[PDB]
Amino acid sequence: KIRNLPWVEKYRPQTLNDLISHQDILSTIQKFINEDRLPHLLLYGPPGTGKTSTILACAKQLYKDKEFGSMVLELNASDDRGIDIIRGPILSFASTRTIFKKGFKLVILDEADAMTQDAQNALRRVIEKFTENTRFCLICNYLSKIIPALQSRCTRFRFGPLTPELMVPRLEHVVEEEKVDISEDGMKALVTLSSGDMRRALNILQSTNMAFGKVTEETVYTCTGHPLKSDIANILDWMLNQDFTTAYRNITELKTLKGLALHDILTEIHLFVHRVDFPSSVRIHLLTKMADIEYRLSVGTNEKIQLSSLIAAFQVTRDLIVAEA
Amino acid sequence: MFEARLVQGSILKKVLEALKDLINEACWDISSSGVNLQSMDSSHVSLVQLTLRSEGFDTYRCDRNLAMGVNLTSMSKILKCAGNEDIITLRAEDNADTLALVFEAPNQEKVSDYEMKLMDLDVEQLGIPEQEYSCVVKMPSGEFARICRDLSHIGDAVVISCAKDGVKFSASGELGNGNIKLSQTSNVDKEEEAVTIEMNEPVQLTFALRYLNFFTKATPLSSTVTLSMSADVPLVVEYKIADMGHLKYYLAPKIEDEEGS
Amino acid sequence: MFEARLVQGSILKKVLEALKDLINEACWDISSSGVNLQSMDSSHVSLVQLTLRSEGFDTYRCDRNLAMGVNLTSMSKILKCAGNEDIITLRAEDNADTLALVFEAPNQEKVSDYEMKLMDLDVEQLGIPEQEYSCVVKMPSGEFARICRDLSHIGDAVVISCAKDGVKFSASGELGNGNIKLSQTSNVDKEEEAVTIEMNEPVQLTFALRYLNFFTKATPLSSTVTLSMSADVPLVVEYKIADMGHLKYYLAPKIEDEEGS
Amino acid sequence: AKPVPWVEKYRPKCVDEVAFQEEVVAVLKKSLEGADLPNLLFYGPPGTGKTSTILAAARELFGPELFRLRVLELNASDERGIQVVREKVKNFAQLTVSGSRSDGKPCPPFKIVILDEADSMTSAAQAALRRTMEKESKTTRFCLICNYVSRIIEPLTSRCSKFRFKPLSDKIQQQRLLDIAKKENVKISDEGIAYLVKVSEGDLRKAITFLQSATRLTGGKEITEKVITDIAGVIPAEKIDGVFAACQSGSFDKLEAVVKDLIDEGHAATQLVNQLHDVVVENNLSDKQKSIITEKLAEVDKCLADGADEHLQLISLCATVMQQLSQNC
Amino acid sequence: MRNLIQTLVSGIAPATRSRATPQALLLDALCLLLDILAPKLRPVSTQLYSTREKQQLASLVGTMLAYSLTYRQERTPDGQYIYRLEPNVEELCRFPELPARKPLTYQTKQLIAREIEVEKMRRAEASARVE
Amino acid sequence: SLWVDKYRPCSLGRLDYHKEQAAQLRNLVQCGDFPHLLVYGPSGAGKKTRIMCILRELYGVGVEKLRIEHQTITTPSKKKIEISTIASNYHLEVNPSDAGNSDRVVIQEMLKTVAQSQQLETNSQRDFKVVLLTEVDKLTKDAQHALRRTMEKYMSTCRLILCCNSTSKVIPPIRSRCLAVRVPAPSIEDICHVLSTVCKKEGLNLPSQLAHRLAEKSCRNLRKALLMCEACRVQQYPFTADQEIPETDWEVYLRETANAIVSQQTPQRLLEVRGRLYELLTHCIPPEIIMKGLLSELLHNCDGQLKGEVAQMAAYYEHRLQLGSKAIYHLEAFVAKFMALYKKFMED
DNA sequence: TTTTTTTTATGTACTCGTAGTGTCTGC
DNA sequence: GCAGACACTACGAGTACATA
Ligand SMILES: Nc1ncnc2c1ncn2[C@@H]1O[C@H](COP(=O)(O)OP(=O)(O)OP(O)(O)=S)[C@@H](O)[C@H]1O
Ligand SMILES: Nc1ncnc2c1ncn2[C@@H]1O[C@H](COP(=O)(O)OP(=O)(O)OP(O)(O)=S)[C@@H](O)[C@H]1O
Ligand SMILES: Nc1ncnc2c1ncn2[C@@H]1O[C@H](COP(=O)(O)OP(=O)(O)O)[C@@H](O)[C@H]1O
Ligand SMILES: [Mg+2]
Ligand SMILES: [Mg+2]
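Chains as they are written, first to last, in PDB author numbering: chain C, 16 to 340; chain G, 1 to 261; chain H, 1 to 261; chain D, 35 to 363; chain A, 733 to 863; chain E, 2 to 349.
In structure tokens form, the structure reads like this:
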């Protein structure tokens with residue numbers, strides 16, 4: 016039936032075959048499940064890569080719908096997970112048998128980096144003592160906020176960023192299941208602006224399809240507000256080729272015409288600053304100045320002065336690069 | 001349109017005070033047969049199956065079947081200010097969120113209409129096996145509550161055994177062990193105080209004391225409780241209300257590992 | 001010279017408990033007709049009037065129109081030292097900067113004198129318009145106190161509606177709405193339980209909870225209570241305290257939500 | 035019949051009255067028809083219309099009677115701790131979607147949680163929103179509104195669809211201001227409206243406030259450029275020329291004199307930074323001097339954004355531009 | 733120092749409390765206030781004072797009663813009674829290494845305390861006569 | 002009563018200077034739909050006088066009858082905090098910075114209860130109430146973020162008049178929601194005219210040279226000018242042209258501190274100067290004013306090619322002082338950096 | 001060869017003191 | 001049958017710390 020859902024939740028990989036990228040990790044987890052050798056897992060990686068979807072597909076594969084509420088204990092950062100919960104419901108769930116059917120139980124701890132260190136220290140002997148009865152899956156974005164004692168007990172899988180070559184067919188499946196007219200440059204802009212994230216590629220696809228009705232390069236870069244590659248090349252050419260006043264006028268006209276933001280301009284100019292074969296003394300100064308300009312934009316600071324400083328960081332090094340020869 | 005009518009308010013107060021520290025939220029399944037509630041606890045160890053009959057209410061009408069999931073702290077605060085001898089009306093519309101509790105003051109003069117907002121949890125149905133048990137014991141509820149309270153002082157996990165002789169409770173704790181065995185207490189003037197053994201095969205299982213003590217809070221609901229045990233199916237505590245329905249408590253055994261030596 | 005005598009010591013011991021957590025000071029206006037107190041709270045939401053006529057005192061001496069300003073934190077502790085059925089005499093000189101309260105000890109053997117410093121506060125009379133209300137109703141005092149107390153556990157702001165049917169209290173929150181009504185209770189033996197309507201235009205106004213609780217902290221002075229409401233006039237809660245005088249409470253409504261179509 | 039200020043009298047009641055934010059307005063107008071509304075993250079400069087757009091969308095979607103049952107609006111004026119997110123927001127998201135519109139208009143099958151001013155929420159309270167947004171997405175929607183998207187954590191950035199509210203261009207802002215002035219029977223000259231849309235800098239709330247205050251000051255007569263310059267706090271060009279002449283003098287006593295004269299006249303340091311920046315980028319200085327001076331201007335603006343003293347930052351900026359102007363002499 | 737500042741501020745009338753913040757009152761209106769409160773007064777009776785000296789004493793007790801400042805007697809271990817302000821704002825104003833200034837004598841401060849007491853009772857009698 | 006409070010004007014037509022702004026403020030508040038106001042300017046300019054004149058123009062003469070109201074607020078840490086409030090029958094005056102870092106609890110709890118409720122009498126009072134938030138530049142950004150939706154939701158029944166010294170310490174969301182009213186300091190002629198009118202109303206004679214010296218020494222602060230004029234009247238009744246004007250102790254203590262800095266550049270002298278700076282921070286002097294006085298006295302001793310570097314160091318350590326919490330670290334770091342620069346300049 | 005005190009803003013965890021309150025004893 | 005005494009858990013309050 017038709018449902019009113021966001022496309023990041025309407026199109027969720029309910030099975031392990033619907034995830035795209037981490038084929039070796041998913042093959043190893045599938046062979047863990049099929050041989051009943053599932054250990055305590057530690058899924059870590061950047062957001063939007065499919066860790067919660069992986070553990071929910073594994074839990075739906077392991078357990079039927081008539082027994083899913085008694086075998087799976089799913090706790091996350093929206094739940095209270097203090098040390099009284101580790102000593103309370105989690106220990107009682109781990110230390111007791113099942114109700115309906117005999118089997119091993121699963122305690123999913125989503126956002127395990129949000130737990131306090133007291134709870135993580137209390138979890139160690141709960142994990143180690145009841146390995147036969149229950150299994151634990153810790154999922155985090157930052158591995159440093161998990162204590163090394165819990166990192167030793169759980170085998171860790173790095174759910175790295177999704178490569179855009181493998182991100183395309185899932186987006187094509189979502190497009191063909193939603194009747195969306197998309198061009199090749201629209202798909203390329205989607206997998207460029209996503210940057211290893213399938214949430215942001217679905218959100219941007221749904222937002223562009225609602226705003227314009229078609230998904231092309233211009234529509235995606237207009238709905239997102241991101242500058243194009245040609246605009247960044249023009250900004251760099253103006254900052255390296257002419258004086259302060261003409262470059263300031265041209266960049267100000269380009270920003271007023273297309274409604275660009277200085278954060279995305281700074282990000283793309285930072286990406287361009289390493290491809291350009293600059294001297295090493297020039298690159299250090301440019302990176303320090305651009306990091307300072309990016310830091311100044313985090314508060315109530317006028318963006319026009321920061322645009323002038325972004326021009327100034329290159330107008331300083333123009334004559335240095337030229338006289339270097 | 002759902003409209004039930006409790007003839008007295010005491011039984012609903014006892015039910016919602018029995019489940020207050022145990023049940024996270026109440027899922028009233030409504031049909032023409034009666035009111036059903038199958039809900040697990042917050043630890044996913046216990047299970048509560050309450051079945052209230054349509055003949056026990058004053059008036060009961062149910063056009064279409066409903067499944068009303070509601071919070072329990074709010075309903076506990078509503079039922080705290082309810083009398084024990086007043087008629088309490090539960091109302092619910094077809095496509096609305098307001099579950100209405102209408103009752104009277106303890107001064108019995110003014111009316112009170114408390115609405116509740118229904119929750120939208122999608123809960124998969126838990127399959128009760130309804131199989132035969134290897135041990136069925138009919139015993140008084142007050143003696144069961146007393147023996148659970150007396151074993152709570154000794155340990156935390158209790159080994160309850162049952163055989164042809166009778167039920168037996170053990171608590172191997174820090175002070176020491178306490179082993180209490182009861183049998184054939186039917187030779188009294190009362191009919192509620194009696195221990196009857198029906199089934200054959202002896203079973204020994206270890207359970208937590210906190211959940212047993214939460215289960216014993218339904219002592220005023222039934223004078224006689226039933227204990228069902230087997231080697232695979234969990235512990236069932238059955239309270240048979242007089243003319244309203246019944247209440248089943250399911251508690252899973254704990255994981256006990258023998259010594260390697 | 002200000003010299004006043006009470007016939008009963010319970011009037012202050014039931015009128016100062018409401019003003020302990022409501023208003024920060026007591027400003028007494030001395031006149032030939034009686035004593036008047038008009039005080040607005042620190043949030044500029046509530047207003048308290050208290051007019052006690054000169055005929056209700058045992059004796060009353062007034063030659064000049066004077067105003068005394070006392071604090072509430074010291075007077076509340078002074079009031080609790082006094083008895084219940086004893087007589088209280090209030091004395092104030094023309095030139096002194098203090099107010100003396102003389103009463104009898106609870107041991108009933110010695111006379112107790114307590115002096116309070118007169119705070120020089122610079123206030124002005126706000127001035128009630130005394131306009132015709134769109135709704136005037138009469139209620140029991142203790143019933144109204146129980147009604148305001150029952151909606152304290154539900155929400156922080158209550159809704160008072162007054163049509164020709166009666167008076168409806170509502171409390172909508174995250175839990176749910178609690179709606180109670182009172183109508184046509186004239187068929188009782190007691191004259192103080194007659195909930196009656198006296199005007200025509202229905203009103204619906206949202207008020208805070210804490211101020212109504214502080215208003216219902218002064219219940220047993222009068223047998224009945226009177227509620228007055230209109231479209232923009234604040235809620236007026238009136239007590240006719242025996243024969244000496246009367247007390248009025250003014251509560252401004254809340255700002256209505258943006259419910260445009 | 036009480037008067038109301040024009041910022042609230044001309045708030046957009048519907049989504050058709052929102053100006054210049056065409057992509058998010060088109061998304062919300064598609065969601066009005068019945069399209070799948072995603073989670074929203076509005077971010078941009080102040081006065082661009084982030085709160086008004088979502089309130090107009092909620093009023094169009096639910097009508098008057100369903101605003102209290104389908105919209106939970108939490109802002110920084112109330113307590114939003116970890117327990118408010120764990121208890122209040124989760125229990126609101128777990129509620130049923132009941133209640134229908136009585137005027138026959140269609141109603142969407144979800145609730146809306148407007149977490150306005152999400153910058154002030156902590157990282158733990160933002161981390162507690164993640165599975166609340168994901169798990170309860172069938173029955174509620176979330177709209178985080180902020181000014182800086184860097185202060186919102188990357189899981190909440192990923193979970194929401196990001197819309198950046200651009201500053202309003204001079205065409206759309208001038209058209210909206212002329213429509214407001216036409217509806218209020220006040221007359222404003224072309225130089226006045228040009229200086230008004232120059233001064234307001236894409237802040238439509240500031241433009242409406244300046245237009246209302248200029249109407250109240252003049253009494254309803256013609257609004258010229260002089261009243262706009264008076265009420266906008268714009269430093270005259272004579273003071274800027276005096277500051278630049280004091281910097282070209284090379285003496286620090288005249289520099290201290292002009293800085294103290296600008297401080298004692300109560301001029302805001304942000305306005306002085308803007309006008310000095312315009313003069314510096316619009317003269318015939320060398321590229322190195324302009325580069326150093328604009329870098330110092332950016333640093334001074336950052337320091338003033340952190341609540342530093344105006345006099346010391348202005349005297350440091352004036353010392354820097356004095357050194358640059360006296361280097362070539 | 734903050735407790736002393738709040739104690740000084742809470743004694744002033746609320747009509748004049750709103751006209752200045754305690755920060756501006758501390759920075760601007762404390763040392764100059766103490767210079768106002770300490771004029772050149774001979775140790776002689778008000779009876780022998782000139783009409784101008786009586787007007788100056790009336791202004792001095794008026795600005796003393798405006799800020800609720802008064803002199804009271806203080807004991808010393810050396811055996812000498814002294815007069816000191818009951819809000820001791822001299823430690824709020826004065827600094828250790830700053831050049832010395834002439835303090836008021838014992839007779840002048842006792843005269844100021846007696847004048848502020850008779851001015852308070854005359855103000856009470858005048859308020860009784862008005863009301 | 003002092004001369005700062007005896008001859009304060011009561012209405013907008015009785016202001017000696019900024020008369021055009023007085024007429025504009027009278028025309029602004031006549032209709033009653035005026036927005037929130039942000040009165041900003043230097044200290045002693047006459048901001049609070051103009052705010053009270055705006056309140057008189059709005060309501061009756063009952064805005065001059067003020068009283069102290071005490072409120073107890075519960076923090077999220079459950080610590081009861083007492084806050085005073087100047088109040089009348091028409092308006093309230095709150096200074097939330099007295100709650101310090103808990104000032105947000107004043108904005109979230111105490112202010113909104115004022116905003117969410119309408120008024121008792123709508124005939125003697127007008128259709129709206131006024132809240133005067135005094136010294137909003139000392140508010141934390143959490144309180145200023147709590148202020149904005151309260152200012153936007155209930156602005157038809159509660160108008161607000163924020164008062165500050167510098168608008169740079171006010172966040173742009175708050176400055177976008179209110180009309181900014183600039184009150185500049187009066188000039189030397191305006192202060193001389195005010196002092197001459199005060200001396201004429203007191204029945205005295207004031208020379209023009211003495212009034213010019215008072216206006217010069219007050220640094221365009223009319224409150225300090227009136228206090229200095231009254232102190233000069235007290236200490237010497239015949240007004241001589243070269244009469245010695247009394248001075249504040251913390252200013253001359255700052256001058257002696259900077260003389261001690263410039264006299265010797267040693268760690269022992271640095272430890273003595275750190276003791277002097279604790280003495281200054283002990284007496285509740287704000288550290289930015291200590292930094293400004295130190296710069297203003299140390300620039301009189303530097304050469305022409307060092308003043309820019311000294312001013313840049315002063316601004317840098319002032320900004321680092323604002324970013325931090327212990328003022329003595331950044332003050333002593335500024336003094337040590339100036340000592341190093343001064344020693345390098347004098348030995349070379 | 002040298003020792004006192006409360007600010008930082010939440011969130012969690014620990015520890016300890018206090019107060020309704022269900023239940024048992026007795027005349 | 002009702003007043004006094006017993007331990008019981010829920011709740012209010014004070015304090016510390018948070019890293020490698
Ligand atoms: N590998 C993937 N294959 C298909 N869809 C994906 C994949 N990764 C992410 N998605 C989409 O993103 C949604 C949410 O992914 P999640 O399971 O939350 O990823 P995650 O990496 O666990 O995110 P965090 O780290 O918890 S914010 C899914 O329901 C899909 O719509
Ligand atoms: N795009 C717009 N179209 C029409 N009116 C607008 C627009 N933007 C702002 N306004 C007007 O300015 C007022 C302020 O708009 P808001 O929506 O509160 O701005 P904002 O996005 O909330 O700014 P911040 O970030 O919260 S300070 C509105 O009430 C309108 O009167
Ligand atoms: N127009 C005026 N005429 C005479 N005196 C004035 C005038 N304006 C202000 N003053 C005096 O100058 C002082 C300025 O202080 P205040 O009004 O609090 O402004 P601020 O808040 O900027 O210090 C006041 O004491 C007042 O008496
Ligand atoms: Mg996830
Ligand atoms: Mg907003």
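Cβ coordinates follow ideal geometry from the N, Cα and C atoms, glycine included.
- Under the 8 angstroms Cβ criterion, the stretch 128-137 of chain C counts as touching the stretch 92-106 of chain C, having at least three qualifying pairs.
- Its chain contains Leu37 and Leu247 as the residues whose beta carbon lies nearer than 6 angstroms to that of H:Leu50, once the 5 sequence neighbours on both sides are disregarded; these appear in chain order.
- When Cβ pairs closer than 8 angstroms are counted between the two stretches, the stretch 52-59 of chain G is seen not to touch the stretch 110-121 of chain G, the count staying below three.
- C:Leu57 sits close to C:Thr170, with the two beta carbons spaced by under 8 angstroms.
- By the CB criterion at 8 angstroms, G:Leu235 and G:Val167 fall outside the cutoff.
- By the CB criterion at 8 angstroms, D:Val41 and D:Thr249 fall outside the cutoff.
- Proximity of chain H to E:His71 at the Cβ level (cut-off 9 angstroms) is accounted for by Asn24 and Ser42, in chain order.
- Listed in chain order, the non-local C-beta contacts of E:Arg68 below 7 angstroms within the same chain comprise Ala88, local neighbours out to five positions each way being set aside.
- Scanning chain G for C-beta atoms nearer than 8 angstroms to the C-beta of H:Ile180 yields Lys110, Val111, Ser112 and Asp113, reported in chain order.
- Here G:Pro106 is exposed: its Cβ has fewer than 16 other Cβ atoms, across all protein chains shown, within 10 Å.
- At a C-beta separation below 9 angstroms, H:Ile128 has these neighbours in chain E: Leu121 and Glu122.
- Judged by pairs of C-beta atoms under 8 angstroms, the stretch 122-132 of chain E touches the stretch 77-94 of chain E, as three or more such pairs exist.
- Counting only residues of its own chain and dropping the five nearest sequence neighbours on each side, E:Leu148 has a CB closer than 7 angstroms to the CB of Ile108 and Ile175.
- Using a CB distance cut-off of 8 angstroms, C:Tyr263 counts as an interface residue toward chain D.
- Membership of G:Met139 in the beta strand (DSSP E) is indicated by the continuous run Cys135 to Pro140.
- Of all residues in the stretch 37-54 of chain E, only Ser44, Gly45, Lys49, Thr50 and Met53 come within less than 9 angstroms of chain A when Cβ atoms are compared, listed by chain position.
- Distances taken from the Cβ of C:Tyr26 to the heavy atoms of ligand 1 include one shorter than 7 angstroms.
- Annotation: Cβ neighbours of D:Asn125 in chain H (cutoff 8 angstroms, chain order): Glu174.
- With respect to chain C, the C-beta atom of D:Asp153 has no partner C-beta closer than 8 angstroms.
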